[PDB]
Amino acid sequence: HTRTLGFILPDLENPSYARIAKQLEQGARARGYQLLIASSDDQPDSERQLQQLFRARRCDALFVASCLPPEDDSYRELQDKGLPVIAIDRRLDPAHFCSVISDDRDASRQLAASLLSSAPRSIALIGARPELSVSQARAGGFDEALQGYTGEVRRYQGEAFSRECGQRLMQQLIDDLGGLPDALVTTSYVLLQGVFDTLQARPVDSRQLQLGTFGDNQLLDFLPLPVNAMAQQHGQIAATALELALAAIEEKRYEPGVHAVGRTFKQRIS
């Protein structure tokens, strides 16, 4: 024992991760545990460096939102040395790991549907890291909502969940369309931020469209342009995840499987 828990997250400047980390931290403290946090910046190499670190540091349990390929076995080895591994946000192998995630597919499908009920001629998806399960789930959801859609569709999967990537992708989209799409879905608020930057760089009378995004932000309560938002239940995700690590630690019970937590739908567009 060390009475400390580890948390590997991909982006410190992504407020959802900080929210979850803070939540994990507070609950853990109330249980007599300390939380040590580190970021991999969504890079496999860097995550692996942190792996050996928390392994040697001998934390009692490890929370991780991973970016490693599904074929990667590395966490299996820590788990065999006794280290309970709890996946967050990005699921790990359901046959060996316990994971706490969101209903990404259904949330995405439901997000794209609400935009269709408003006549979209064209519609686009802006996302990142298409190789990750989480993006595939959100892409698949977007596609399911498109069942029998006849308008133009475009999908952009960037190289990172970032504001800059969102700006770049929104730029490519606008050039490919010769103008704004009728509707747009961003798979993360961080991406939506970059989208706003691009809409900003155009005239005021040139920034209007059906908008829907994963996540949410106080900003959206003030923006003239209405935006549908699918927000995580951060507190629930952290509560459920902590439960599992503590059960593994204090009761030597661990049962592989996914625990999905539905996102909350904020419909800012009537």
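All residue numbers are counted from 1 along the displayed sequence.
Peer 1: Going by the mean C-alpha B-factor recorded in the entry, which is higher: 25 to 33 or 51 to 59?
Peer 2: Higher of the two, by average CA B-factor, is 51 to 59.
Peer 1: Looking at the entry, does 110 to 118 or 92 to 100 show the higher mean C-alpha B-factor?
Peer 2: Comparing 110 to 118 with 92 to 100, the higher mean C-alpha B-factor belongs to 110 to 118.
Peer 1: From the list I86, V195, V190, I123, select the residue with the highest C-alpha B factor recorded in the entry.
Peer 2: Reading the PDB entry, the winner on C-alpha B-factor is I123.
Peer 1: According to the Cα B-factor stored in this entry, which of the following is highest: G140, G166, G178, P130?
Peer 2: Going by the entry's C-alpha B-factors, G178 comes out highest.
Peer 1: By its CA B factor, does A183 count among the lowest, middle or highest third of the modelled residues in the chain?
Peer 2: According to the entry, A183 has a C-alpha B-factor in the chain's highest third.
Peer 1: Looking at the temperature factor on the CA atom of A238, which third of the chain's modelled residues does it land in?
Peer 2: Its C-alpha B-factor belongs to the lowest third of this chain's values.
Peer 1: Could you tell me which third, lowest, middle or highest, the C-alpha B-factor of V64 occupies within its chain?
Peer 2: Answer is lowest: the recorded C-alpha B-factor places it there.
Peer 1: Quick one: classify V134 as lowest, middle or highest third of the chain based on its Cα B-factor.
Peer 2: Bottom third by C-alpha B-factor.
Peer 1: Splitting the chain's C-alpha B-factors into thirds, which one does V204 fall into?
Peer 2: Its C-alpha B-factor belongs to the highest third of this chain's values.
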